[PDB]
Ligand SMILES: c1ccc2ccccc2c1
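The data below hold one chain only, encoded as structure tokens and taken in the form solved without the ligand.
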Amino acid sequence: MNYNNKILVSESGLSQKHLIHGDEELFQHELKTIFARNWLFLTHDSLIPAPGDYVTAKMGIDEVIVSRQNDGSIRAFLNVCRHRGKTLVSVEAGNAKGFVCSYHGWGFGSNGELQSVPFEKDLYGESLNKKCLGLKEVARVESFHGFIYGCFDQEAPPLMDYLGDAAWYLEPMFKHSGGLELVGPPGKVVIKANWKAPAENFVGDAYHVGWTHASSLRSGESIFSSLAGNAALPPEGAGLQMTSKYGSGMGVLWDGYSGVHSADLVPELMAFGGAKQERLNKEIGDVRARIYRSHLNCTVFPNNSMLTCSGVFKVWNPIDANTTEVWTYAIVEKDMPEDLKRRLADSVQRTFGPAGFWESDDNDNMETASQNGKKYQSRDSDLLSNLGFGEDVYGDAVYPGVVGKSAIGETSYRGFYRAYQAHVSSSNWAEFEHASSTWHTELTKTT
């Protein structure tokens, strides 16, 4: 398939070819143009706070070691021995000053340098250019308020620029709250769906909530329980949707600080977020302070999602076009009391974890939609994301980004897929920028 010419995503992101969720050649092409090019979630400071602390993480289908350096920085490396390519580290986390390959014993530092080679003098003599044999290093590793992302592409924008308009929305909770920590370890489950299915669902799908999650809403007694089975409609201006140039986007449901959490956590959370909101009004303004305690369903392009307040943090790790490995962490505010933190974490896993009853509601949706993308008569069909098109604005006086001033819409899908098409048809970052010079105009075209 010719990705320079192939219209996988229609103008304004209005539709996508269903094959994008099933096509293996395209999946391979995404490895290069999506995953090797963009910012990918690795871990959080709270997971590797001390020198020598490390976790493994996936970047696309690659595995990397993410290690806290002695100088307090974080470097990431391919989890692959430089000799004959055996996987270096077999655990998910620990603390160490280096990694030794179990095949022939090569010793690498936490800084990736080849530090020792057994019988070096006797076998290699002085031939071995160790300096040139360090673990393949991830070019870019940056932090967003403790959230660590990596990018194999040195030409990429700094992470903050990459987050674009989405950053403004996350800052109240990520920055102004005093900071978040990630409670590990994450749950890990494989689903038979394309990574984009849950990615698009978290980026801008509030429409499915009432119907998909009818049973869970009803059962949990959560603060959104009124939408069960589409019984009620979110009030006028119950929230909005936004998206950005590099693909990230999110839905905003005003005030839903306790989020998906069942009645048992609603009072405390609503009390906690309200108290904090009150202090924040003075520091960052009423609007932003409200955003802080408002439920954000967001995808950080391409495969990292989250539900602030609910505190769900996801990585949709790609395996193949119909296979995805879902990592589920809990995000908690650092200043919450320990016991609440503990209970929020359990509740996050309870609702969206491996046995999350909410996440379970979504399985069939994500899986069949992805699998149908391989079906002959559906390959060339069009997935629609035209809801709210011609009503999104850009450059609003209050809410930045391409913004749908409605809780339910497909604004965020449009922005996500616009950025996806641009990358897939682009050979590098400059081409992407060239392909994205009129991004917001494309997204608001009939407005």
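From 1 onward, residues are counted along the sequence shown.
Same protein, other form: the form solved in complex with the ligand, not shown, and the subject of what follows.
| said: Please determine whether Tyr149 contacts the ligand in the entry with it bound, using a 4.5 Å cut-off between heavy atoms. | reply: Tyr149: no, not in contact with the ligand in the entry with it bound.
| So in the entry with it bound, does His295 come within 4.5 Å of the ligand, heavy atom to heavy atom? | Output for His295 is yes: heavy atoms within 4.5 Å of the ligand.
| query | Heavy atoms within 4.5 Å of the ligand in the entry with it bound: does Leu307 have any? | reply | Residue-level check for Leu307: yes, a contact with the ligand.
| field | Any non-hydrogen atom of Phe202 within 4.5 angstroms of the ligand in the entry with it bound | value | Output for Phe202 is yes: heavy atoms within 4.5 Å of the ligand.
| in the entry with it bound, segment of 237-245, 274-282, 205-213, 156-164 with a heavy atom within 4.5 Å of the ligand | Stretch with heavy atoms near the partner: 205-213.
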